[PDB]
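So this first bit is one chain, no partners, the form deposited in one PDB entry, shown in structure tokens.
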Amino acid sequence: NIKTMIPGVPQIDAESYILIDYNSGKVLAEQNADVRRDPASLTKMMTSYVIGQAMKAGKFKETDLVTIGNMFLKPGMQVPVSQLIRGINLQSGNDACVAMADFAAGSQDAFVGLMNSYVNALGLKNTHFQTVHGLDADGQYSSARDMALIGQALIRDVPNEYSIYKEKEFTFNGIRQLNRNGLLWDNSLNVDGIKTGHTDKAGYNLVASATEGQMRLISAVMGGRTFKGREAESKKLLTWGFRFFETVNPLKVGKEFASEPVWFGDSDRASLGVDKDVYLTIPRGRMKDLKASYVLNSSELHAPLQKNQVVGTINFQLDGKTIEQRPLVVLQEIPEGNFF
């Protein structure tokens, strides 16, 4: 029963936490992951997400200058966008958020409206932002799950913005500022994200992400007890996640997974696979025992068969139990067969 066991979770010294796989979205561990808490500076992930989308859209460059009104910024100061986004991500500067909010949306209210528009665009059911920096507000809240998903969106939708989160330091006005994510300096893990935060109502919060090979995990901890424990507890989850789980990529697009006969077509056989790449998070070491089969929606396949046409379902089995399902599609189209 060593292969088919469910691992016990470590005791995490925080009120809420969640651990997910970046590729497959699988939840490996959770505790009060949907309780609505104060997000503190984790809010700045969404602030960074709004900014990342605008630059990705081309609205402003990282070299553009922003004039201040009205990091210790002063009115009339001209600060490159590059420095303000680093003030947000590395330093957690609340003043840099305000500056970038007026610069990106014209006002803080217009910028909070965008933050909450992406909240709905991501489907978050337990998040609402009242601020651009994350200071405690009566009406703003988030949760460990929603914050783990915001971090996923950062990595997925704006990778150029996300690459900043791994920088250990930046210099503003001749003063070196360190990134507050102390896990970047950990020799045992490969941590390149994401964001720390803390307030009186929120406690000590950390959204972290690490990689081991091509596997990527995202942890979110909220309501942490101490400043140091913030990083220690997140390190507990990530190492635990990598020790007991492995992400595997069994089938990618274009790879033939099965062949079935085709009637009335230009060809006699169809090449069946998947249109979206498959990522499965399984107990580490059980990839050798992973079995895959499939069912068909029809007794026969009739031409014409369009490209990426659904014809059945793939079933991935581990220990005789289906763990994931994906649509089985036609890879190459097959037009109607003609007769001379």
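Between two forms, the rigid core is defined as the largest C-alpha subset superposing within 1.5 Å. In this text, residue numbers run from 1 along the sequence as written.
In this entry, is the chain continuous from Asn70 to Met71, or are deposited residues missing in between (none, 1 to 3, 4 to 9, 10 or more)?
Missing in between: 10 or more residues.
On mean Cα temperature factor in this entry, is 328-336 or 21-29 the higher one?
Looking at the recorded C-alpha B-factors, 328-336 comes out higher on average.
Quick check: 147-155 versus 260-268, which has the larger average CA B-factor in the record?
260-268 has the higher mean C-alpha B-factor.
When you compare the CA B-factors of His302, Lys276, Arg36, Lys44 as listed in the entry, which one comes out on top?
In the PDB entry, the greatest C-alpha B-factor among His302, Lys276, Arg36, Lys44 is found at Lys276.
Thinking about Cα B factors across the chain, which third does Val9 belong to?
Middle third - that is where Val9 ends up once the chain's C-alpha B-factors are sorted.
Quick check for you: using the entry's CA B-factors within this chain, is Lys74 in the lowest, middle or highest third?
Tercile = highest for this residue's CA B-factor.
State the tercile, meaning the lowest, middle or highest third, of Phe60 with respect to the CA B-factors recorded for its chain.
CA B-factor rank for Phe60: middle third.
Can you work out whether the C-alpha temperature factor of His128 puts it in the lowest, middle or highest third of the chain?
Ranked within chain, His128 CA B lands in the middle tercile.
Divide the modelled residues of the chain into thirds by Cα B-factor and specify which third, lowest, middle or highest, holds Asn308.
For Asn308, whose C-alpha B-factor we compare with every modelled residue in the chain, the answer is the highest third.
As for the form deposited in another entry, it is not shown, yet the points below apply to it.
Against the rigid core, a Cα displacement of 2 Å or more between this form and the one not shown applies to just one of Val79, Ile85, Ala153, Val262. Which?
The only residue crossing the 2 Å threshold is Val262.
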